[PDB]
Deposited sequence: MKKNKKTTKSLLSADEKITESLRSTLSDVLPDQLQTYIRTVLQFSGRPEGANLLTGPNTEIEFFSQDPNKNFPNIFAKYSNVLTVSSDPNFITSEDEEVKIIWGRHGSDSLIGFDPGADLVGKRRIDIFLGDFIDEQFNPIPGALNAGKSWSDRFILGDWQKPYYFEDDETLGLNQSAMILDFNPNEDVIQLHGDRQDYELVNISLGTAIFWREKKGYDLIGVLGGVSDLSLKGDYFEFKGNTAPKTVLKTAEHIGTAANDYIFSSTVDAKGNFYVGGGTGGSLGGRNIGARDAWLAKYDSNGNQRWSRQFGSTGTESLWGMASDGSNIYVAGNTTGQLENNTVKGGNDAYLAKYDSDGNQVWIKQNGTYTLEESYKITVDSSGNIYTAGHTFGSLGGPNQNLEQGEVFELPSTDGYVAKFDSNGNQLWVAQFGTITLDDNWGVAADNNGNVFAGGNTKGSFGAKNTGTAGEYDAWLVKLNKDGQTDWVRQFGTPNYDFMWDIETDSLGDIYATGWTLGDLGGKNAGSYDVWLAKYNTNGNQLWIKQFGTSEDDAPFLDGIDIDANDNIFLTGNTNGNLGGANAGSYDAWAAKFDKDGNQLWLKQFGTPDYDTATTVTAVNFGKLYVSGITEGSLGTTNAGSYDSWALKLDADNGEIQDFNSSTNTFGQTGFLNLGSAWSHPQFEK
């Protein structure tokens, strides 16, 4: 009846207004009210109008620090939400450019009775906010996928006698001509309701209704549309039974890998579940050790009630150093800043020997670590954002920190030591750091820096197209030359095949650019995270994702790929592997006896049946030809 639909509208409005107004800080409420006033839904946010601050001496009172706590801001790439964590009641998940795979909910977390609203911006690209005209990417949009369930269960589902308004998605830029909403089960399990805000997606069974999502500003949709993807209620069929499978009912990620001098292989990343130990809260960091024959020796999980990940790991040959960021307190003499870099040392028996956290209110991210042949440790990251490199000794004493960059945004996506006391860093900049940027609207270029043993700058170099270029990872070869891998939307190493393409750049120790190779399909091709490794014979290995037919026929959605190059940039092989669902590689580690490990993440069943949402996997390849071996061979 009319009065049932009117009651639903009222109860949805009142519930969202209550949750949003109680959870979002006043400064964020004020910004969102002003946008909505330009474009009535300002009435969901009842907080007082508050001056928005950028120049407080207290980083915490500044809009960027407040915004960071309630946001996942992804990249110009086609991203999975690799920073998802159940640490806030309300979160803004912002895909930016690229065909993003957006999740905010962890179906393996204990969320009983908790309020959860995830606000999704599929695109909302930088150029929509930037008033300068004629940007290359002005008015561009991508096919985003909003994940509101999987094969296991619907997300935001309270399964109770209420309308289920305590947990819901809110998607603000859904375009039914382009985007996809992913749901548990099949279309007969849902009802769409026209509401003031746009469209309500209700789960419906005999027992009752539960609000799963609200689609802002869109009406008169159908559950028969191509823009709804239904996952059913059974785990996908297992492929690649040769892989090592790592998964809980929660979101589980491998982000990095390494090897020790005995051939033991290590993996690590973040989990929303109890993977290496009992979950401490939200996402935790984890790592695991395998012997040279594929046998798991131990797993460790550490963290806070906040969010942390292992983003990088490296070995001095016996110990394993791990790095990342935390929103909590990992070191018990540290005053946490809520967004801090950490470094820790594990022994080969899985004892956390020490941990160091940079407790400052300054926002800090750190994705990269390396160890030199003297056993000193280098981390890199960013804190406008500026890059840094930090050097530590094996007892975790800081030897120096180098900070550098431009007046605009610089990020770090690489650190690598040579044999000779020098360290390289690399990353992305909107500015003119080592060259004048050809982008007319602050599109990223790639940069490289060489620091000496004292942390002084030997040189800076910059390369790019006028479009976005994005570096993900760097590594040195045995001669001390520096290699970088990334994606480009332009013609960097050659004519762009379409959309994102892969590049591999080499510089010598003196800063001369030797070559840039580019390869790809007409579709999206990119390395990702820990995307380059170089073995003792100076063979280069690259890894990432593609939604094209890059190494082979595409299995479905994005797949993983791996490639081998020689030190002159000749392609020796390129292999593609995956499931019918979303997959990406995240890391590659060469070992010896011609063995290579590629590891990553998946929404499908890779190695064994999917345990829930994201699972992880590790694949052993033959380095001669890319052929997949049994992990246990």
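Enquirer: What gaps appear when the modelled C-alpha atoms are mapped onto the deposited sequence?
Expert: Comparing the full sequence with the modelled residues, the uncovered ranges come out as 1-6, 46-48, 393-412, 663-686.
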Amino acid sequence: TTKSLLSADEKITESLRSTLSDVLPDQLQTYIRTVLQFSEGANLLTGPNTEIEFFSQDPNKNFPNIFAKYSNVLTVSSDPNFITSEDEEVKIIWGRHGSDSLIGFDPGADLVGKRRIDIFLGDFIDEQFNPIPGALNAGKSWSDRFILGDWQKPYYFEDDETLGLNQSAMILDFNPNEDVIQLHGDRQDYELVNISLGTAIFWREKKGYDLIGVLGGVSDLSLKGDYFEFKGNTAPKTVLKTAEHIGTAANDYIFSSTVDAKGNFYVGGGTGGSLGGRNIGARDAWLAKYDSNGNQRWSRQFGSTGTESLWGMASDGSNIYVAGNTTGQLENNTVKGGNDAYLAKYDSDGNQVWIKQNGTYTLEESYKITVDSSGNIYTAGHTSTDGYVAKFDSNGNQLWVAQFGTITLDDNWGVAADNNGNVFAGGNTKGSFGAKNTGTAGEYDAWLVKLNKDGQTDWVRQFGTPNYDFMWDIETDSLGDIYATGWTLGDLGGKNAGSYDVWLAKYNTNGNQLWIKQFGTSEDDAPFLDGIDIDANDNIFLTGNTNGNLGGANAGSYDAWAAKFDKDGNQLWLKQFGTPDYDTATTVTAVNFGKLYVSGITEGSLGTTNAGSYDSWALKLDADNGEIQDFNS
From here on, numbers count along this sequence of modelled residues.
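Enquirer: Looking only at CA atoms, which has the higher mean B factor in the entry: 608-616 or 621-629?
Expert: So the stretch with the higher mean C-alpha B-factor is 621-629.
Enquirer: Report the stretch with the higher mean CA temperature factor, choosing between 229-237 and 130-138 on the basis of the entry.
Expert: Per the PDB entry, the higher value belongs to 130-138.
Enquirer: Among the candidates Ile212, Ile482, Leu163, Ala560, give the one with the maximum CA B-factor reported in the record.
Expert: Comparing C-alpha B-factors across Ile212, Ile482, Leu163, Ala560, the top value belongs to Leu163.
Enquirer: Per the entry's Cα B factor values, which of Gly498, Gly414, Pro80, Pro176 stands out as the maximum?
Expert: Each of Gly498, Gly414, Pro80, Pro176 was compared by C-alpha B-factor; the highest is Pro176.
Enquirer: Rank-wise, by C-alpha B-factor, drop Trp400 into the lowest, middle or highest third of its chain.
Expert: Highest third - that is where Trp400 ends up once the chain's C-alpha B-factors are sorted.
Enquirer: Select lowest, middle or highest to describe the third in which the CA B-factor of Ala250 falls within its chain in this entry.
Expert: Lowest third - that is where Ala250 ends up once the chain's C-alpha B-factors are sorted.
Enquirer: Select lowest, middle or highest to describe the third in which the CA B-factor of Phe470 falls within its chain in this entry.
Expert: According to the entry, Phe470 has a C-alpha B-factor in the chain's lowest third.
Enquirer: Split into thirds by Cα B-factor across the chain's modelled residues, where does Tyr378 land: lowest, middle or highest?
Expert: Middle third.
Enquirer: Mind checking which third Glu53 falls in for C-alpha B-factor across the chain?
Expert: It belongs to the highest third of the chain when residues are ordered by C-alpha B-factor.
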